[PDB]
Every structure is written in C-alpha cells, then in structure tokens.
Amino acid sequence: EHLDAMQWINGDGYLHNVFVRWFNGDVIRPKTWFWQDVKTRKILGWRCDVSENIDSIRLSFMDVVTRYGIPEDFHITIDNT
DNA sequence: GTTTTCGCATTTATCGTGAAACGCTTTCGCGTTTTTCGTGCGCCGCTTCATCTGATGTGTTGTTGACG
C-alpha cells in the first residue's frame, strides 16, 4: 500500500546524557519524547521533562495534531516489543 | 774575336701581421610534453540503538555540648 505523509507516525523516547538545571532548581538528566513521520522522517513535535511519563507523549501529540492536523486514516506506532 | 764573369732588373715567392672565416661544442630559448600533486566526491563497512550513571579514605574545621 501507499503511505502518505502524516498517515503513519512513530513515537520514541530518549534519555539525555547532559546534566540540566531544571525550572525547580534541581539538576537532572532530561527525557524527551518525539513523534516522527515514518515516510519523510521529519520530526513533527516534542516535549521534554524530568522523567519518563505519559504527559510528554500526550502533549507532543497535541503539538503534532494542532500544527499539522489529523489525517482521515491515522496510524500511530509505539513499539513495546 | 770567343767565352766567362759581374752588375742590374723584373718577376715571383712568402712571411709577418692583423682582421676575418669557419666548425665545434655549449647553452638558452621557446613551444609543446610529461609527471606529480591537490582537491573532490562517492561508496562501503562497521557499529550502536530498540533504556542509561557516580564512589572512597583521611584530615580539618566548625559547631555544639560540657564543664569550670
């Protein structure tokens, strides 16, 4: 089948090796979740935070659908294999 | 009078010189040649991501408690 841009997006996380002093003063290693268009490989959105949790995923998704919209056939992949 | 030597003349030979000629080797000059050197890109293979980061021992100082 033919894959359109925005038709299939993959979500992935990343743990940073950089020490950052956050807004609350604590020095932590940030974790960022990214949404990527599978066809073009363009990163469509991200959210960074102090730990891995659903909020960054949810909000980065919000950023993606607010900026580029929701396609009529929408596939989302998060590989938990 | 006949022959032989002696004095003078003309022609040819050659030198010493000076400027020039040729012929050999040496270079440089320029057009076309040959190698080396950089800059440049594309391909292939290896490796990590699909989840990744900090301590100990001894000395000195500060604070707090006890004692005078």
# chains A, B, ... in the order shown; residues from 1 in each chain; ligands from 1
>>> select_by_dssp(residues="chain A", states="strand (DSSP E)", output="compact mmCIF listing (two decimals) with N, CA and C atoms, in the first residue's frame")
# COMPACT_ATOMS: atom_id res chain seq x y z
N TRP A 8 1.17 7.67 9.01
CA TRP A 8 1.73 6.76 10.00
C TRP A 8 2.87 7.45 10.76
N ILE A 9 2.70 7.64 12.07
CA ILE A 9 3.76 8.26 12.86
C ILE A 9 4.28 7.35 13.97
N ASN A 10 5.58 7.40 14.22
CA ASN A 10 6.20 6.59 15.25
C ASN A 10 6.64 7.43 16.45
N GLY A 11 6.30 6.98 17.66
CA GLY A 11 6.74 7.67 18.86
C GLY A 11 7.94 7.02 19.51
N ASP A 12 8.96 7.80 19.87
CA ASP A 12 10.13 7.21 20.51
C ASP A 12 10.65 8.10 21.62
N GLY A 13 11.29 7.51 22.63
CA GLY A 13 11.82 8.32 23.71
C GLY A 13 13.34 8.37 23.72
N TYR A 14 13.90 9.33 24.44
CA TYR A 14 15.36 9.47 24.53
C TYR A 14 15.78 10.03 25.88
N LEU A 15 16.72 9.34 26.51
CA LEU A 15 17.29 9.77 27.78
C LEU A 15 18.59 10.53 27.49
N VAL A 20 21.17 19.04 33.19
CA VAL A 20 20.46 20.30 33.02
C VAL A 20 19.86 20.73 34.35
N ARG A 21 19.94 22.02 34.67
CA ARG A 21 19.34 22.56 35.88
C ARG A 21 17.92 22.99 35.49
N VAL A 27 19.10 19.58 39.51
CA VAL A 27 19.94 19.21 38.38
C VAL A 27 19.60 17.78 38.00
N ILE A 28 19.03 17.61 36.81
CA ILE A 28 18.63 16.28 36.35
C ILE A 28 19.04 16.00 34.91
N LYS A 31 14.41 13.78 29.80
CA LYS A 31 13.95 12.71 28.91
C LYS A 31 12.98 13.35 27.95
N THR A 32 13.20 13.17 26.65
CA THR A 32 12.32 13.80 25.67
C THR A 32 11.64 12.75 24.80
N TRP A 33 10.35 12.96 24.51
CA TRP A 33 9.60 12.07 23.63
C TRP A 33 9.36 12.77 22.29
N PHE A 34 9.59 12.06 21.20
CA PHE A 34 9.45 12.62 19.85
C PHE A 34 8.47 11.83 18.99
N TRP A 35 7.75 12.56 18.15
CA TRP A 35 6.85 11.98 17.16
C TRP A 35 7.46 12.19 15.78
N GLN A 36 7.62 11.11 15.03
CA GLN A 36 8.23 11.17 13.70
C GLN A 36 7.35 10.64 12.57
N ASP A 37 7.33 11.36 11.45
CA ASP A 37 6.59 10.91 10.28
C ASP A 37 7.42 9.79 9.67
N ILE A 43 10.76 15.16 12.03
CA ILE A 43 10.29 15.20 13.41
C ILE A 43 9.19 16.25 13.51
N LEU A 44 8.00 15.83 13.91
CA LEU A 44 6.85 16.73 13.92
C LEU A 44 6.60 17.45 15.24
N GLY A 45 7.13 16.91 16.34
CA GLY A 45 6.91 17.51 17.64
C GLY A 45 7.65 16.85 18.79
N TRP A 46 7.81 17.59 19.88
CA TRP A 46 8.49 17.06 21.06
C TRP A 46 8.10 17.78 22.34
N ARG A 47 8.36 17.12 23.46
CA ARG A 47 8.16 17.67 24.79
C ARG A 47 9.23 17.08 25.70
N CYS A 48 9.88 17.93 26.48
CA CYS A 48 10.95 17.48 27.35
C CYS A 48 10.51 17.61 28.81
N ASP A 49 10.98 16.71 29.68
CA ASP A 49 10.59 16.74 31.09
C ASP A 49 11.63 16.03 31.98
N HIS A 75 -2.55 6.28 11.68
CA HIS A 75 -1.89 5.15 12.34
C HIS A 75 -0.75 5.64 13.23
N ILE A 76 -0.72 5.12 14.45
CA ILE A 76 0.28 5.53 15.43
C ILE A 76 1.01 4.30 15.95
N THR A 77 2.34 4.35 16.01
CA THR A 77 3.07 3.19 16.48
C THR A 77 4.02 3.51 17.63
>>> closest_atom_pairs(of="segment 59-81 of chain A", to="segment 49-58 of chain B", cutoff="10 Å", atoms="only C-alpha atoms (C1' of nucleotides)", output="JSON lines")
{"residue": "A:79", "atom": "CA", "partner": "B:50", "partner_atom": "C1'", "distance": 8.3}
{"residue": "A:80", "atom": "CA", "partner": "B:50", "partner_atom": "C1'", "distance": 9.2}
{"residue": "A:81", "atom": "CA", "partner": "B:50", "partner_atom": "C1'", "distance": 8.7}
>>> write_last_selection(atoms="N, CA and C atoms", output="CSV table (one decimal), in the first residue's frame")
chain,number,residue,atom,x,y,z
A,79,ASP,N,6.5,1.0,19.6
A,79,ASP,CA,7.0,-0.3,19.7
A,79,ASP,C,7.3,-0.7,21.2
A,80,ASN,N,6.5,-1.5,21.8
A,80,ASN,CA,6.7,-2.0,23.2
A,80,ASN,C,7.2,-3.5,23.2
A,81,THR,N,7.7,-4.0,22.0
A,81,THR,CA,8.1,-5.4,21.9
A,81,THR,C,9.1,-5.8,22.9
>>> select_by_dssp(residues="chain A", states="helix (DSSP H, G or I)", output="VMD selection string")
chain A and resid 54 to 68
>>> residues_around(residues="segment 1-5 of chain A", least_positions_apart="2", cutoff="10 Å", atoms="only C-alpha atoms (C1' of nucleotides)", output="ChimeraX atom specification")
/A:7-9,37-42,71,73-74
>>> closest_residue(among="A:59, A:78, A:6, A:70", to="chain B", atoms="only C-alpha atoms (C1' of nucleotides)")
A:78
